[PDB]
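Protein chains: 4
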Amino acid sequence: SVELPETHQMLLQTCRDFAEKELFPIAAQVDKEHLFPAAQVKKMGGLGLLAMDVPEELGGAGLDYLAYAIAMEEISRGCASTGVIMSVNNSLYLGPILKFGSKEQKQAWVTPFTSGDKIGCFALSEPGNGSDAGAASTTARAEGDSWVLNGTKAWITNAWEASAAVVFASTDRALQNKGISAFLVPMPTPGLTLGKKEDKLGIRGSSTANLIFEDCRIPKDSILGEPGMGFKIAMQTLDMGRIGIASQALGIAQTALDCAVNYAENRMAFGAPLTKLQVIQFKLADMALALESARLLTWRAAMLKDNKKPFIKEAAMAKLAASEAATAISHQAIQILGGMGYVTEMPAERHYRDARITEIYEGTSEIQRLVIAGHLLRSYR
Amino acid sequence: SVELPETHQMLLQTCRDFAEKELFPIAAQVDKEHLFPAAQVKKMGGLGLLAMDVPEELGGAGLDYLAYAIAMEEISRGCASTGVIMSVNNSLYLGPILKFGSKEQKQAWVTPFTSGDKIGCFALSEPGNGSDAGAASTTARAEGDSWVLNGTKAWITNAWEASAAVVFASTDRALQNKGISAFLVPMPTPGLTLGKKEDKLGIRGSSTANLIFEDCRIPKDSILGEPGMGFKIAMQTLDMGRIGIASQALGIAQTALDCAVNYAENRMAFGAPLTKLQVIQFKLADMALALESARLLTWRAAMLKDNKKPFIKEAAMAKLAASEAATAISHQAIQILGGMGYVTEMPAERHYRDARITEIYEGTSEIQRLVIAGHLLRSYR
Amino acid sequence: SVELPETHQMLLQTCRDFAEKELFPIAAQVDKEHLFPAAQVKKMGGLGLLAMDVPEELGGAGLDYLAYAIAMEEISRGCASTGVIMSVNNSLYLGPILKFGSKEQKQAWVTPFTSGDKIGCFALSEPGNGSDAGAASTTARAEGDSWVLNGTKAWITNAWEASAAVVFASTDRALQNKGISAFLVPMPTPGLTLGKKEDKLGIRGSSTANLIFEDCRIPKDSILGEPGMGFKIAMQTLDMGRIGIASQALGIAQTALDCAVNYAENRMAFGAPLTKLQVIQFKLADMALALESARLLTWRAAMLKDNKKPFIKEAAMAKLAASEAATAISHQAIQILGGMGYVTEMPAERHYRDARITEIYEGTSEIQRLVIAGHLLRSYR
Amino acid sequence: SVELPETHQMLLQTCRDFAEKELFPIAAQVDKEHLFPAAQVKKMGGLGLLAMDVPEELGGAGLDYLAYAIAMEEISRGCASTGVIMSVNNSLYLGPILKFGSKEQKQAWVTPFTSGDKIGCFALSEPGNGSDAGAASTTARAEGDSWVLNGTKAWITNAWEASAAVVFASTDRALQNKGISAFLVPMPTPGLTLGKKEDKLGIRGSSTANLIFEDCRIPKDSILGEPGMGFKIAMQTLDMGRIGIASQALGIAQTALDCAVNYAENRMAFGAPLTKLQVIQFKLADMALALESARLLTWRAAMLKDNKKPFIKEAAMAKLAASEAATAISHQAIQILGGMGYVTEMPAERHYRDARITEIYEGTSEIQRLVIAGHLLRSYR
Ligand SMILES: Cc1cc2nc3c(=O)[nH]c(=O)nc-3n(C[C@H](O)[C@H](O)[C@H](O)COP(=O)(O)OP(=O)(O)OC[C@H]3O[C@@H](n4cnc5c(N)ncnc54)[C@H](O)[C@@H]3O)c2cc1C
Ligand SMILES: Cc1cc2nc3c(=O)[nH]c(=O)nc-3n(C[C@H](O)[C@H](O)[C@H](O)COP(=O)(O)OP(=O)(O)OC[C@H]3O[C@@H](n4cnc5c(N)ncnc54)[C@H](O)[C@@H]3O)c2cc1C
Ligand SMILES: Cc1cc2nc3c(=O)[nH]c(=O)nc-3n(C[C@H](O)[C@H](O)[C@H](O)COP(=O)(O)OP(=O)(O)OC[C@H]3O[C@@H](n4cnc5c(N)ncnc54)[C@H](O)[C@@H]3O)c2cc1C
Ligand SMILES: Cc1cc2nc3c(=O)[nH]c(=O)nc-3n(C[C@H](O)[C@H](O)[C@H](O)COP(=O)(O)OP(=O)(O)OC[C@H]3O[C@@H](n4cnc5c(N)ncnc54)[C@H](O)[C@@H]3O)c2cc1C
Ligand SMILES: CC(C)(COP(=O)(O)OP(=O)(O)OC[C@H]1O[C@@H](n2cnc3c(N)ncnc32)[C@H](O)[C@@H]1OP(=O)(O)O)[C@@H](O)C(=O)NCCC(=O)NCCS
Ligand SMILES: CC(C)(COP(=O)(O)OP(=O)(O)OC[C@H]1O[C@@H](n2cnc3c(N)ncnc32)[C@H](O)[C@@H]1OP(=O)(O)O)[C@@H](O)C(=O)NCCC(=O)NCCS
Ligand SMILES: CC(C)(COP(=O)(O)OP(=O)(O)OC[C@H]1O[C@@H](n2cnc3c(N)ncnc32)[C@H](O)[C@@H]1OP(=O)(O)O)[C@@H](O)C(=O)NCCC(=O)NCCS
Ligand SMILES: CC(C)(COP(=O)(O)OP(=O)(O)OC[C@H]1O[C@@H](n2cnc3c(N)ncnc32)[C@H](O)[C@@H]1OP(=O)(O)O)[C@@H](O)C(=O)NCCC(=O)NCCS
């Protein structure tokens, strides 16, 4: 119900302790220097936080997706870039392989990646089409006994750190979505070149680059599932990723609210603490309401996924509400902090820049509203 | 969890069937003619919907407050005035008596009122002070063996139909809240006169009047609890009423959304259904999300109350979010219907006028935000 | 510039004096009883307020459109239904005849209507299509020497009081807009039947009905301009009407703000006036800014029209901003008044219901945003 | 009226030409490297853009404040940091000296600063109090024939480039505002030390530091006006600065809208340009409406100042509306650009970070709403 089980409570406490011990001292350094936190990722792999959905047989933690959402929220509260790296590795790489790959592919592509030594990446977007995922131009000709890949992916998270890749290329151009086919591409491999890192406004610990495939050949076993199923795999992986991104936005909004409340209590204006002003109280009330409401939606989406029931509309609602709430709460936290919120000495601006991204990737807000509207009208029809 | 138990599902189905059978044909007539639906209230008392929180020993249904929230949402979806009458009788009259009254008072003031033959009313507000509940000017002098009541209450719901009253009068003026004392006043009684009915913008089935007490004397047993506890009784009854009003606003928003979606699918513009337009889809998506989020907040508040845990901040959040969401959804439904939404032939304007009230009574939105802000700052401190 | 000329100032003062003398005592009676204010319309015709754009040669006042906007704002501040009647008679009937009709048609259809004895109506909308104005199904066969009209118009303002009608019927069905042709139809005439009055949520002084044409024949001179120009005539008349409706929404928002400020200063809560609370001050500040900004937009649109320059985007912006600001200000005024705002004794709910309409007729907000977007993209291209 | 005079049109064209020639190529470099654009400031001084309000006798341009607002909007459209430097030098330094200083002080402190070789700074805020300007703790003891200054100012714009300073120190502590006294402090002078530059989220061309006064002595003539008038001088200078900041926010919103519209027309999604989507059109319409509405308010405030009439409420409204509109438009521009808007290669994120500041300095939005509310209630009383 509303309360959490003992395992979930213990995981929440452990994640909060780890976050306050490790991520908070280094978050500013990671943001400023664009430094990939290798040691923190290794420690998270040691704690099993990178393989929560993975069964314990394959080396994972064997936990439900609600526990994953809680851990993602706590980690993103600690550090946003570490949060998005964890979210990518947990959902976007591990989920499709467990859900669709054969047992040999699971053994060869999940077990090394549970320990945290290696991480994965999700390669769907292209420079030509960002939202229209079905219009991917990457071609995968089945010449000989190998899949020859030609094309250029873009915006690939963890491109400079991943040891594997889930690449979606259209085997058949005529088939807009049917042609789409997934492939498990090891990194580094001949024929694959990594693009230059992109300077980003917000999350800067993670490395974002453009994968370029030039006559890249992979063995025939590297195809995920069967040809044609690529679009469905992409959609389901996107739903799970949307749940993860909603958790990340919740964490960002929570830490922004905590910093704002602490500063408002500490700061003195007109001979009184700022909390005595009614405007500040109303701002805090609205922020808390938005944050809690979103958290509820997220938890509902996670529990619906755990009960093996359809959750696409719920996940889209959770992602949209969490992203918008995080942006509004971060903006109001900057406004409450005032002048001190603008300088980089205080962490409010980092929360603002990190919260801005949650409305862009994993489907923009317009795409989320399209999904919600379609499912709503289908429900009434 | 997210799912509902079998009893709750059966109650939801029964309430929906009763609503579609009875309330929908007569809602327009009730709104237009200011007609109190006596037969519908009697049938609801027959179904036990007026005594859900009451134990079965005293003649109630013995159901949890979550079931009460579900039934309130369904009834308010059927008809808003019937919804507010049910909410008043269930929470604001029955709850304080069960929570604080002695067993003899329970037998003499709850058992006749479970059947639906008689209903109660909550008398707190005064013309002088609406939000400042602690500034009530009604005086209750303890002369002789009877409590002599002098004063004028205002805005009393069901004043023209109630057979009992929960009246709060300040026994001690010096004590702003300590002086406040509750009293169980039977109606009609000598010394009590009912004010004229007030024409209202929205809910017009219910009768709202001003109770006037002129030397009204009641026996000494009619006092609820002990003197001084009146303010706490009022606050707890207000929390339960806020949960009920949140359920009512949810019902209004739900029926407005249903009518808007049906009309949008039926209406043809520019050679296409209105749902083909992206603006309509985005409006429907935003409306859906709002309602669902509010519902979760409401259900969380109800479950927290059922588990015997503090729920004041949760109830305030649920009431605020539900009221604002209901107003926004009703306005957008009128906008979607366009010209046909403006005339009284279509039920959109009735939903608008009924949804406007949920931000005013049971504490305005500013008071709710004050409560949320106070509890938030207390949580951080 | 920002200041007003002496003629405009004198007209503003005269309109305000007339409004406070006449419209304010009878506004509640007009709203409640659906009473057409014949005497007030006659007095306005005596003051020349119904023929402001009309040259003095034809019996008008010969004033610029800025003066018309000011007078419309003041009258709608006095009474909303009188405001919409004045707006219809000034813009939607008189403007197209002066702009496109020949001199004989001006003499036979403008000079009697300047005095205020008779008023006109604008017949464009149909039950089939409300926003898609080009899809009108009314047919005008040119049989013999007369135009035979068949079809059914809908939502015609002043249908029960108009002595003339501007009816737009598609002469050629193949021509979606080219077929559209305007006609000056006298009322009453054989073959024309008036539909039943429609009960409306808001403005109820004006009479809204559905014109039904059954073999209605008019002389050949009654056609406005030449066939095919009907759509352009409709668009320009709509622009002028949008300016008028923006002025009306400004008046409604202004009177709502005045009542809210007066009540907030008078009402006492927590031992202080409501204006001492910071939340009330912030609400009043937001309301004020909105109204003033909208007024400027309106005044800019009116001055651009007076200088014989294109004003379509400006008029659309003014109408959209004025309507949204009026709705928000009326809602906040009801919220500020609290319980007393809900009853019909206070005039806040009347302002709410009257302000709701300004987002529906003369093009809904979505159509206004489409016009603004089209003109913006055309400006950049 | 709505149109601009020939001088204003010529100044607008010259400012736009200069902006597109100089500021646009170097804006990204200035933002990235925190580089003070010395050459651009010198060229602006050559064009007279730094001394617009200054009479031509003292070496200024002798232009009205409307021309200053237009030039500020164009320059801030070119580059935001250059815009805020120009705004500070024009209003916050030059205005108080011309308005209150004697002729000798004008000759010794305005004529060298019109040419653009030297610039000024406005020193009011302190680390202790940011919004409560009357609680400044800087002390100015009148020992001997010199004013000995002790205290620490904060957030001083152009602290590392100014050759003069307007410092406000409380001569009399007992007098909260009466004690406040202004002083013209040359820079550099013995006893004055410049604090370290502060890394800021947005505008980074300008240098922001903390002035520290330790036994700084100035001649007796350096006091501006007479003791006690400091608070009034600060308030009037703040009003003029609010007009300038509103112009800057207008420029930022305008360039963000231009970039967003151009990208939306260029980008192709789902086989169509983005402008074909109705959601994009509605976003563009809302952005254009907000921008134009604000621009109007700003121009009204500037013209009211030029006509020697009170403009405090108008300036506060203009600043608030311009800041909020700029933030909303920048956020929507980032959303429209999508993924490409997030990287630093595109200029959308720079517009976002620069537009965030306009709600903080020159009085936060809460202070603006307090000023508007006070003037509104004073108007009704
Ligand atoms: C880039 C930049 C440049 C600057 N340049 C200058 C300059 O040239 N000269 C100068 O003098 N200063 C300058 N400042 C400082 C400026 O005055 C302050 O940063 C800003 O105006 C508010 O200061 P604060 O945040 O410290 O106020 P705080 O009092 O610390 O603000 C706390 C919060 O409480 C709110 N608040 C406070 N009192 C009330 C109230 N009564 N009612 C409601 N809400 C309230 C505020 O709005 C704010 O959100 C600059 C600041 C920045 C960031
Ligand atoms: C009080 C009143 C007075 C009136 N007076 C007159 C009068 O004097 N003369 C006259 O001719 N008419 C009059 N009308 C009718 C008026 O034209 C319509 O009521 C109104 O303009 C819209 O009509 P509709 O709701 O039927 O349109 P509908 O097409 O039925 O509206 C459906 C909804 O879809 C939206 N929509 C439609 N097309 C699009 C699109 N392409 N993109 C986005 N959204 C879209 C609309 O905004 C609306 O929300 C009056 C109406 C009222 C209520
Ligand atoms: C349909 C209806 C039914 C009702 N039924 C009942 C009933 O059964 N029992 C009962 O006891 N009462 C009932 N009431 C009365 C109800 O308590 C009040 O109408 C409502 O809760 C607020 O009262 P008010 O508007 O008079 O408060 P006011 O104090 O007059 O409100 C003035 C405004 O100031 C705001 N305000 C006041 N204090 C503050 C503050 N400290 N901070 C910020 N904002 C503030 C309020 O939000 C409000 O907007 C009913 C009212 C209505 C309309
Ligand atoms: C930090 C970051 C990390 C990323 N990581 C990954 C990753 O790991 N894997 C991956 O595959 N991609 C990744 N991406 C790319 C991501 O898919 C896109 O950036 C984003 O989802 C949208 O792409 P776009 O802006 O290019 O779409 P565009 O089509 O260029 O967006 C244009 C605009 O139009 C809107 N729009 C488009 N179509 C419609 C429509 N039909 N209706 C309404 N509005 C519409 C969009 O919402 C958007 O506002 C990442 C991007 C970023 C910024
Ligand atoms: C555009 C978009 C919303 C929809 O895709 P489309 O190709 O444009 O439209 P479609 O017609 O393919 O959608 C419905 C089809 O897909 C399938 N599908 C769509 N959503 C699905 C879901 N959530 N689960 C399962 N199947 C789904 C349906 O089965 C249907 O095919 P059918 O006709 O055989 O039943 C999708 O590409 C998208 O989500 N874009 C944003 C996400 C993103 O970029 N994330 C970045 C990762 S960080
Ligand atoms: C104004 C208002 C919000 C708070 O009341 P106040 O008298 O103004 O302020 P107080 O200082 O009394 O509040 C705190 C006190 O009340 C008690 N209290 C407040 N809220 C409580 C709650 N939810 N549960 C229990 N006790 C509560 C606290 O114990 C404390 O007293 P203590 O110091 O002995 O601990 C309240 O009057 C109100 O809710 N008004 C709107 C509700 C309404 O009108 N409903 C209409 C019915 S349809
Ligand atoms: C739908 C709507 C917005 C546009 O009309 P459309 O027929 O759907 O679209 P169109 O292609 O006709 O629009 C452009 C055409 O009309 C003409 N036009 C459009 N707006 C115009 C304007 N403001 N001024 C002049 N001409 C205009 C253009 O010349 C063009 O024709 P061309 O190709 O020969 O140049 C219009 O019908 C409308 O305003 N509806 C809402 C208004 C309303 O109902 N008011 C009620 C009165 S109270
Ligand atoms: C807090 C604040 C809003 C008002 O100041 P206060 O000291 O708190 O309140 P006061 O009582 O002094 O306000 C009214 C007094 O000041 C004077 N005053 C206020 N605003 C004025 C104005 N716009 N023009 C002239 N005089 C003004 C009045 O004369 C009155 O004094 P009186 O009683 O002798 O008539 C002001 O300090 C402020 O604007 N802060 C934000 C601005 C800022 O920080 N800008 C940074 C520069 S980039």
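So the sequences go chain by chain: D, B, A and C. Per the entry's author numbering, residue 31 is the first one in the first sequence, and the count goes up by one each step. Per the entry's author numbering, residue 31 is the first one in the second sequence, and the count goes up by one each step. Per the entry's author numbering, residue 31 is the first one in the third sequence, and the count goes up by one each step. Per the entry's author numbering, residue 31 is the first one in the fourth sequence, and the count goes up by one each step. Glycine residues also receive a C-beta, built at the ideal position from the N, C-alpha and C atoms.
- Look at the region 298-315 of chain D: the residues with a C-beta under 7 Å from a C-beta of chain C are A299, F300 and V309.
- Of all residues in the region 37-51 of chain B, none comes within less than 9 Å of chain A when Cβ atoms are compared.
- Close to chain C, meaning a Cβ-Cβ distance shorter than 8 Å, are the following residues of the region 217-242 of chain D: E228, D229, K230, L231 and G232.
- Cα atoms of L241 of chain A and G131 of chain A: separation of roughly 23 Å, rounded to the nearest angstrom.
- If you check the CB distance, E228 of chain B and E375 of chain A come in under 9 Å.
- With a threshold of 9 Å between beta carbons, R272 of chain D makes no contact with chain B.
- Taking 9 Å as the CB threshold, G371 of chain D lines the interface with chain C.
- Between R411 of chain A and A315 of chain C, the CB-CB gap reaches or exceeds 9 Å.
- Segment contact: the region 277-290 of chain A against the region 184-197 of chain A, fewer than three CB-CB distances shorter than 8 Å; contact not assigned.
- Annotation note: the region 182-246 of chain D contains the following uninterrupted beta strand (DSSP E) runs of length 3 or greater, listed N- to C-terminal: 194-200, 210-216 and 222-224.
- Between the region 110-126 of chain B and the region 71-87 of chain B there are three or more inter-stretch CB-CB distances shorter than 8 Å, so the stretches are counted as touching.
- Of the residues assessed, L65 of chain A falls on the exposed side of the cut-off, its CB having fewer than 16 other CB atoms within 10 angstroms.
- A Cβ-Cβ contact shorter than 9 Å links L222 of chain B with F243 of chain B.
- For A165 of chain C, the nearest beta carbon of chain D is closer than 9 Å to its own beta carbon.
- Remark: fewer than three beta-carbon pairs, one from each stretch, lie closer than 8 Å, so the region 331-341 of chain D and the region 293-304 of chain D are not flagged as touching.
- In the three-state reduction of the DSSP assignment, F143 of chain C falls in the helix class.
- Straight through space, the alpha carbons of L350 of chain D and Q206 of chain A are spaced by roughly 41 Å.
- Remark: the C-beta of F152 of chain B is in contact range of ligand 3, defined as less than 8 Å to any heavy atom.
- Ranking D:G209, D:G113, D:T168 and D:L93 by CA distance to the CA of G258 of chain D puts D:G209 first.
- The beta carbon of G160 of chain C does not come within 9 Å of any beta carbon belonging to chain A, so the residue lies off that interface.
- Taking C-alpha positions only, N180 of chain C is separated from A331 of chain C by approximately 37 Å.
- Annotation for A170 of chain B: no alpha helix (DSSP H) segment contains it, though the beta strand (DSSP E) segment containing it runs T169 to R171.
- Flagged as an interface residue toward chain B: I402 of chain D, by a C-beta distance shorter than 9 Å.
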